[PDB]
Amino acid sequence: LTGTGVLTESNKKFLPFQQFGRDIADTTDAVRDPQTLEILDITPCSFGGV
Amino acid sequence: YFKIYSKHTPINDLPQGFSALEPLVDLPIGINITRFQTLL
């Protein structure tokens with residue numbers, strides 16, 4: 001899963017079998033570290049029209 | 001290919017109300033199952 005974002009460790013209640021989660025757009029919202037039980041939210045890096 | 005999903009739950013005839021089953025097992029063993037039996 002290649003991407004870019006602010007990786008924030010997060011309170012999202014993943015069940016033990018759940019490896020990652022999705023937003024309404026079907027984009028990835030959060031992942032589990034493949035070396036740790038920690039769940040990381042993937043917020044998009046800040047954006048805005050100038 | 002093969003799966004198990006399950007839940008263990010309290011009761012007071014299979015009841016009304018609602019429940020949700022987590023996976024436990026997921027196997028590419030490719031068994032052509034068409035029949036089964038239970039062990040006590």
# chains A, B, ... in the order shown; residues from 1 in each chain; ligands from 1

$ residues_around --residues "segment 46-50 of chain A" --least-positions-apart "5" --cutoff "12 Å" --atoms "only C-alpha atoms" --output "PyMOL selection string"
chain A and resi 4-6

$ interface_residues --of "chain A" --to "chain B" --cutoff "10 Å" --atoms "only C-alpha atoms" --output "PyMOL selection string"
chain A and resi 15-18

$ closest_residue --among "B:26, B:39, B:17, B:32" --to "residue 5 of chain B" --atoms "only C-alpha atoms"
B:26

$ residues_around --residues "residue 10 of chain A" --least-positions-apart "6" --cutoff "7 Å" --atoms "only C-alpha atoms" --output "mmCIF file with N, CA, C and O atoms, in the first residue's frame"
data_model
loop_
_atom_site.group_PDB
_atom_site.id
_atom_site.type_symbol
_atom_site.label_atom_id
_atom_site.label_comp_id
_atom_site.auth_asym_id
_atom_site.auth_seq_id
_atom_site.Cartn_x
_atom_site.Cartn_y
_atom_site.Cartn_z
ATOM 1 N N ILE A 39 -2.459 0.972 15.628
ATOM 2 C CA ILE A 39 -3.307 1.397 14.512
ATOM 3 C C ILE A 39 -3.029 2.863 14.192
ATOM 4 O O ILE A 39 -3.155 3.752 15.037
ATOM 5 N N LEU A 40 -2.668 3.133 12.948
ATOM 6 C CA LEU A 40 -2.242 4.435 12.469
ATOM 7 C C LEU A 40 -3.330 5.001 11.567
ATOM 8 O O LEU A 40 -3.654 4.405 10.543
ATOM 9 N N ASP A 41 -3.880 6.155 11.923
ATOM 10 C CA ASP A 41 -4.703 6.941 11.017
ATOM 11 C C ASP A 41 -3.820 7.593 9.952
ATOM 12 O O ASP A 41 -2.716 8.053 10.250
#

$ residues_around --residues "residue 8 of chain A" --least-positions-apart "6" --cutoff "12 Å" --atoms "only C-alpha atoms" --output "list in words"
residues 29, 30, 31, 32, 33, 38, 39, 40, 41, 42, 43, 44 and 45 of chain A

$ write_last_selection --atoms "N, CA and C atoms" --output "PDB file, in the first residue's frame"
ATOM      1  N   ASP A  29      -8.143   4.711   5.120  1.00  0.00           N
ATOM      2  CA  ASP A  29      -8.262   5.649   6.235  1.00  0.00           C
ATOM      3  C   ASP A  29      -7.238   5.376   7.346  1.00  0.00           C
ATOM      4  N   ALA A  30      -6.943   4.105   7.614  1.00  0.00           N
ATOM      5  CA  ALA A  30      -6.042   3.692   8.682  1.00  0.00           C
ATOM      6  C   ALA A  30      -5.425   2.325   8.390  1.00  0.00           C
ATOM      7  N   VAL A  31      -4.271   2.026   8.980  1.00  0.00           N
ATOM      8  CA  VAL A  31      -3.580   0.735   8.841  1.00  0.00           C
ATOM      9  C   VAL A  31      -3.033   0.265  10.176  1.00  0.00           C
ATOM     10  N   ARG A  32      -2.778  -1.033  10.300  1.00  0.00           N
ATOM     11  CA  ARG A  32      -1.967  -1.584  11.382  1.00  0.00           C
ATOM     12  C   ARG A  32      -0.520  -1.700  10.922  1.00  0.00           C
ATOM     13  N   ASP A  33       0.435  -1.317  11.762  1.00  0.00           N
ATOM     14  CA  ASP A  33       1.857  -1.509  11.457  1.00  0.00           C
ATOM     15  C   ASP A  33       2.168  -3.014  11.326  1.00  0.00           C
ATOM     16  N   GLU A  38      -0.141  -1.441  16.893  1.00  0.00           N
ATOM     17  CA  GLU A  38      -0.561  -0.050  16.764  1.00  0.00           C
ATOM     18  C   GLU A  38      -1.370   0.211  15.491  1.00  0.00           C
ATOM     19  N   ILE A  39      -2.459   0.972  15.628  1.00  0.00           N
ATOM     20  CA  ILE A  39      -3.307   1.397  14.512  1.00  0.00           C
ATOM     21  C   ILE A  39      -3.029   2.863  14.192  1.00  0.00           C
ATOM     22  N   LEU A  40      -2.668   3.133  12.948  1.00  0.00           N
ATOM     23  CA  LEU A  40      -2.242   4.435  12.469  1.00  0.00           C
ATOM     24  C   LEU A  40      -3.330   5.001  11.567  1.00  0.00           C
ATOM     25  N   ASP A  41      -3.880   6.155  11.923  1.00  0.00           N
ATOM     26  CA  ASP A  41      -4.703   6.941  11.017  1.00  0.00           C
ATOM     27  C   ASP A  41      -3.820   7.593   9.952  1.00  0.00           C
ATOM     28  N   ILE A  42      -4.304   7.648   8.716  1.00  0.00           N
ATOM     29  CA  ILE A  42      -3.605   8.245   7.581  1.00  0.00           C
ATOM     30  C   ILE A  42      -4.400   9.467   7.126  1.00  0.00           C
ATOM     31  N   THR A  43      -4.201  10.601   7.795  1.00  0.00           N
ATOM     32  CA  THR A  43      -4.856  11.853   7.381  1.00  0.00           C
ATOM     33  C   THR A  43      -4.166  12.388   6.121  1.00  0.00           C
ATOM     34  N   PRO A  44      -4.877  12.871   5.088  1.00  0.00           N
ATOM     35  CA  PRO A  44      -4.235  13.481   3.928  1.00  0.00           C
ATOM     36  C   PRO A  44      -3.380  14.675   4.349  1.00  0.00           C
ATOM     37  N   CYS A  45      -2.191  14.845   3.772  1.00  0.00           N
ATOM     38  CA  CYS A  45      -1.379  16.028   4.062  1.00  0.00           C
ATOM     39  C   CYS A  45      -2.136  17.300   3.653  1.00  0.00           C
TER      40      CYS A  45
END

$ select_by_dssp --residues "chain A" --states "strand (DSSP E)" --output "list in words"
residues 6, 7, 8, 9, 20, 21, 22, 28, 29, 30, 31, 32, 39, 40, 41, 42 and 43 of chain A

$ atom_distance --atom1 "atom CA of residue 27 of chain A" --atom2 "atom CA of residue 11 of chain A"
18.9 Å

$ residues_around --residues "residue 21 of chain B" --least-positions-apart "3" --cutoff "9 Å" --atoms "only C-alpha atoms" --output "ChimeraX atom specification"
/B:5-8

$ write_last_selection --atoms "N, CA, C and O atoms" --output "mmCIF file, in the first residue's frame"
data_model
loop_
_atom_site.group_PDB
_atom_site.id
_atom_site.type_symbol
_atom_site.label_atom_id
_atom_site.label_comp_id
_atom_site.auth_asym_id
_atom_site.auth_seq_id
_atom_site.Cartn_x
_atom_site.Cartn_y
_atom_site.Cartn_z
ATOM 1 N N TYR B 5 -16.304 -18.423 10.303
ATOM 2 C CA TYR B 5 -16.698 -17.257 11.097
ATOM 3 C C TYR B 5 -17.549 -17.737 12.264
ATOM 4 O O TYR B 5 -18.294 -18.697 12.094
ATOM 5 N N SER B 6 -17.471 -17.124 13.440
ATOM 6 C CA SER B 6 -18.231 -17.619 14.591
ATOM 7 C C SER B 6 -18.413 -16.607 15.719
ATOM 8 O O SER B 6 -17.770 -15.558 15.749
ATOM 9 N N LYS B 7 -19.327 -16.914 16.647
ATOM 10 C CA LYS B 7 -19.544 -16.162 17.888
ATOM 11 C C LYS B 7 -20.073 -17.074 19.001
ATOM 12 O O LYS B 7 -20.903 -17.941 18.747
ATOM 13 N N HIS B 8 -19.654 -16.834 20.240
ATOM 14 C CA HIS B 8 -20.153 -17.480 21.464
ATOM 15 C C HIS B 8 -20.935 -16.450 22.289
ATOM 16 O O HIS B 8 -20.430 -15.355 22.530
#

$ residues_around --residues "residue 27 of chain B" --least-positions-apart "4" --cutoff "9 Å" --atoms "only C-alpha atoms" --output "mmCIF file with N, CA, C and O atoms, in the first residue's frame"
data_model
loop_
_atom_site.group_PDB
_atom_site.id
_atom_site.type_symbol
_atom_site.label_atom_id
_atom_site.label_comp_id
_atom_site.auth_asym_id
_atom_site.auth_seq_id
_atom_site.Cartn_x
_atom_site.Cartn_y
_atom_site.Cartn_z
ATOM 1 N N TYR B 1 -12.199 -20.015 -1.409
ATOM 2 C CA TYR B 1 -11.753 -21.162 -0.618
ATOM 3 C C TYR B 1 -12.209 -21.099 0.854
ATOM 4 O O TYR B 1 -12.865 -20.142 1.270
ATOM 5 N N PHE B 2 -11.938 -22.152 1.631
ATOM 6 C CA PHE B 2 -12.562 -22.430 2.935
ATOM 7 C C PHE B 2 -12.431 -21.306 3.987
ATOM 8 O O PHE B 2 -11.414 -20.615 4.045
ATOM 9 N N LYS B 3 -13.443 -21.160 4.854
ATOM 10 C CA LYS B 3 -13.547 -20.158 5.929
ATOM 11 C C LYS B 3 -14.201 -20.723 7.189
ATOM 12 O O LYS B 3 -15.044 -21.608 7.095
#
